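First comes one chain, alone, set out as structure tokens in the form solved without 6-oxidanyl-1,3-benzoxathiol-2-one.
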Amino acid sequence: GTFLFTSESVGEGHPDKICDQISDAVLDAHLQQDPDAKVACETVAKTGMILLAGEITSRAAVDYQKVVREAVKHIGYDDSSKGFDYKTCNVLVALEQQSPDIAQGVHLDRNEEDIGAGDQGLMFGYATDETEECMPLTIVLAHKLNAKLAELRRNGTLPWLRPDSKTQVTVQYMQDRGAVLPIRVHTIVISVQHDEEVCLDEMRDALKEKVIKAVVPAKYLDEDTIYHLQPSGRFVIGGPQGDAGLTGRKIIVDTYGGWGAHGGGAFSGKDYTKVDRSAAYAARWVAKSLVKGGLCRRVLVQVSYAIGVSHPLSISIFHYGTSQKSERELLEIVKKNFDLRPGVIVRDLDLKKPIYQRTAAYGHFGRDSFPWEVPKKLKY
């Protein structure tokens, strides 16, 4: 019955995650002034460069230089010694209006509740009772390891740390009628950018004692646990200088760490009319509602859309054997309790509110009691 499963996470200064955070800083800046902004903002990062590319139609007046640079400052890239500096980098903008053809087919002269999906696509939501926040333990731990690195960087106790980091956690599980039960942590990887002066032994000792032990309960660690700490041996070059970043290249980090499923759409830089984001948030809300409502211990939900059509084209449920009810019954409960038109999701989940930058690191789910994390009470 035992098996392994692995998930990863990345830090706030990982170059892909820099891009997600900038894209959502841009979205939030627009929504502050124009709650109905149409935003599709991609960010690209490489040595010395942030490029914004995409489509925005908005009544807001946004200072892209300021928004981008403040986001990079917050992340911690503030000096050439770290490989990137918000004060002196290049910010390039290639932004145009939303395509009139899209606008006319999606939202122009439509009642808000009846707006069309902003694209076709498929989206999934997942929940698991293995943690209180209904997320896989593998990714929860991976996220918390990156958060701990950022904490110890910012508080000055490990001043050799830089913002770019990756972590990976392999858990050994057992199973009970489709539910999954963590036993122990099998393997941990941590790679984090560092200054020129600190040695591998100092770093590896700190990563074990001040990072892993501060995050992972001792009951999951034993003599057999495998540690790969700074396994490349040197990580001085990092951030965009080490590796180009793009928006929407951490979509599994953003969601369920390999568990569940993914329909392919990125979240960051998009307003609620882009169902890649809004319907994935709603699908998480459905899944979590089913688990917290006691109908199943784990569940996967698929939805899909056509551009210009409000109601989903399909809805599907997979409960991994963890319900007494059939998947057909659960689907009927979902259909009776939820309205997954984007123009209704926006109301239920308050998706014109400018909170998106806070979603763009450490996962969109399982945190902070965002609206999609507050179960809906079900009637059945």
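Each residue number is its position in the shown sequence, starting from 1.
Quick note: we don't show the form solved in complex with 6-oxidanyl-1,3-benzoxathiol-2-one, though the next part is all about it.
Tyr356 within 4.5 Å of 6-oxidanyl-1,3-benzoxathiol-2-one in the deposited complex, heavy atoms | Taking the distances in the deposited complex, the answer for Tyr356 is no, it never comes within 4.5 Å of 6-oxidanyl-1,3-benzoxathiol-2-one.
So in the deposited complex, does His143 come within 4.5 Å of 6-oxidanyl-1,3-benzoxathiol-2-one, heavy atom to heavy atom?
-> It does: once 6-oxidanyl-1,3-benzoxathiol-2-one is placed as it appears in the deposited complex, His143 has a heavy atom within 4.5 Å of it.
Using 4.5 Å between non-hydrogen atoms, is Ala147 touching 6-oxidanyl-1,3-benzoxathiol-2-one in the deposited complex?
-> Within the cut-off, so yes.
Though only this chain appears here, would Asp78 touch 6-oxidanyl-1,3-benzoxathiol-2-one in the deposited complex if you measure heavy atom gaps against 4.5 Å?
-> Outside the cut-off, so no.
Heavy atoms within 4.5 Å of 6-oxidanyl-1,3-benzoxathiol-2-one in the deposited complex: which of the stretches 152-160, 135-143, 78-86, 205-213 has them?
-> Answer to the contact question: 135-143.
Stretch 345-371 - residues with a heavy atom within 4.5 Å of 6-oxidanyl-1,3-benzoxathiol-2-one in the deposited complex = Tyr362, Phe365, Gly366, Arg367 sit within 4.5 Å of the partner.
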